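Below: the structure, in structure tokens.
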Amino acid sequence: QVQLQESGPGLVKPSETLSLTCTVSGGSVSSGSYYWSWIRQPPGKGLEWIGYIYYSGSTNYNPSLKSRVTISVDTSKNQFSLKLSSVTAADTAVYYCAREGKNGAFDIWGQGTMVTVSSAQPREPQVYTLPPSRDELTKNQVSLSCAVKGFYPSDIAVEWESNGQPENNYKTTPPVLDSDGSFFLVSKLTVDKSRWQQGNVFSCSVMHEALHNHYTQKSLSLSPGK
Amino acid sequence: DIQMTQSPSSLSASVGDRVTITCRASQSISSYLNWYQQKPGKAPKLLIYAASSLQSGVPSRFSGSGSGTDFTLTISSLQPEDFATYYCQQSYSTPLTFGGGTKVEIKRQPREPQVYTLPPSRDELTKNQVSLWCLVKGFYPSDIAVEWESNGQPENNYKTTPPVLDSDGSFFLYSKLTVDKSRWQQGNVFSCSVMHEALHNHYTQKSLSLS
């Protein structure tokens, strides 16, 4: 199967250029009948088609974005990149790279990479773990909360782990703009009550560009020997 | 530039119902109109190309009809995993344009919210301000309002996350009330108030005070 993943910085200052590169793996970029293209989606908004490039180098751009858009091909690296110049906050969105298939269009999409356009400086997230409420211990499953607040920009990732192994049964709220201009969110990990009371140690992992090594961990356990 | 009109913009349907989405083009686009499925936080997934041709791996419960200017996507019997937002996309002339989107929510039965108050983490007691937490989970439908009060008066410095769909079909959210550390340490009692149609008298409260 062919896969597309996208890279590039997720915070550019206004009136600067946006650079993104899509790396094609499991397939060849320089094959006719495919149109390597870029599509962006602002948060809560719809899908906007930017443009495509052919492996020869020919380009079709959206007229609204012309004079600011440059899409290129590097056949020697199986890559096609996107450049967007003189950027404003109206360009803050999730940018997808996709290929236009023989039949119809857009049979393979990328994972999406969010780019925030702002003059503000990155804020480092504060991470706090919260044990389940005492009232919840009457239920068969309990909720472990990981609060992440005070970070900027909103692109952030939160994972749960226990004993080095991933814990899957968790959901995370969307980033919420706080009163000071930063963002916060909470991740709720649901585990069986028995695991909490036996003293199992759970770990909340947070990944963000403003953290040292883009990573931090906070533990959360019922410590009965206390 | 071709405008793509999608209707209805939002709809809730039960499991097994037939779903019907309308996609209208400003001009004739023959049979070049693809359908996509985008689940929350995920990239779109191609469902139907041409107007009725099914993409490999898509279940047969998806079907598309239409030609020219009027098109229709149809799910015969809705499944729980089909909760997503659906887009139509014209594929005739540049610039390529997508529809406005149709969010398909799942119709089901009301559920009483569980409300839980959480004191601040010990790590936060180094700051001048602390965060009081109110978790509201297990409720349906998503229409809910959450307020904070103390000594009968509303508290202003609070933020509430949007409802988030849980793995069992219900919703949950968190509300963060930020208060001065001095107010918390003196033992003031704060209350999280929740109004929801599945509650008795459409109202409930949970208190939170320093132990």
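Worth a mention:
- Out-of-range pairs (alpha-carbon distance over 32 Å; input B:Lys127/B:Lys206; A:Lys139/B:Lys45; A:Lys188/B:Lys127; A:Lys149/B:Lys39; A:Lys139/A:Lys226): A:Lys139/B:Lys45
- All-pairs alpha carbon distance profile, the protein assembly as shown, 20 Å steps from 0, percent: 22, 50, 26, 2
- Ranked list, fewest to most other Cβ atoms within 10 Å of each Cβ, for B:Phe190, B:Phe83: B:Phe83, B:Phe190
- Span per principal axis, largest first, for the Cα atoms of the range A:34-172 (Å): 63, 38, 29
- Cα pair distances exceeding 16 angstrom across the range B:114-209, given as percent: 55
- Residue separation of A:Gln121 and A:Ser85 scaled by 0.36 nm, minus their Cα-Cα distance, works out to 10.9 nm of gained length.
- Summary of the geometry: the range A:1-71 and the range B:73-94, compared by the centres of their Cα atoms, lie 23 Å apart.
- Electrostatic tally near A:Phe151: other residues with Cβ closer than 13 Å to its Cβ, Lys and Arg +1, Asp and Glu -1, net -3.
- Residues whose amide H comes within less than 5 Å of that of A:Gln5, counting only those at least five positions distant or on another chain, are A:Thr23, A:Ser25 (H built at 1.01 Å from N in the peptide plane).
- P(r) tail, chain B: Cα-Cα pairs separated by more than 31 Å, 42% of all pairs.
- Long-range HN-HN contacts of B:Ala84 with modeled amide H, under 5 Å: B:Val104
- In this simple spin-label approximation, A:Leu137 and B:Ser209 carry label points 7 Å from Cα along the Cα→Cβ vector, and these lie 2.0 nm apart.
- Beta bridges per DSSP with both ends in the protein assembly as shown, % antiparallel, nearest 5: 95
- Distance-filtered residues of the range A:58-76 - backbone nitrogen under 20 Å, label point 7 angstrom along A:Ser30 Cα→Cβ: A:58-60, A:71-76
- Using the Cβ of B:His202 as centre and a radius below 13 Å, the other residues enclosed give a net charge of -3, where K and R count +1 and D and E count -1.
- Only helical runs count toward this figure. For the protein assembly as shown, summing -39,500 (n - 2.57) over DSSP H runs of n ≥ 4 and dividing by all residues gives -500 deg cm²/dmol at 222 nm.
- The base-10 log of I(q)/I(0) for the range B:4-106, evaluated at q = 0.12, 0.13, 0.25 Å⁻¹, reads -0.34, -0.40, -1.51 [Debye formula, identical scatterers on Cα atoms, solvent excluded].
- Two-site FRET efficiency, B:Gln186 against A:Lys171, from Cβ-Cβ distance with R₀ of 30 Å, rounded to 0.05: 0.30
- Cα principal axis extents for the range A:126-221, largest first, Å: 38, 28, 17
- Sites B:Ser30 and B:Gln129, calculated FRET efficiency, Cβ-Cβ separation with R0 60 Å, nearest 0.05: 0.50
A quick note on method: Cβ atoms are made from the backbone with ideal geometry, for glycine too, and the neighbour counts reach across all protein chains shown. No lab work stands behind these numbers, since they all come straight from the coordinates.
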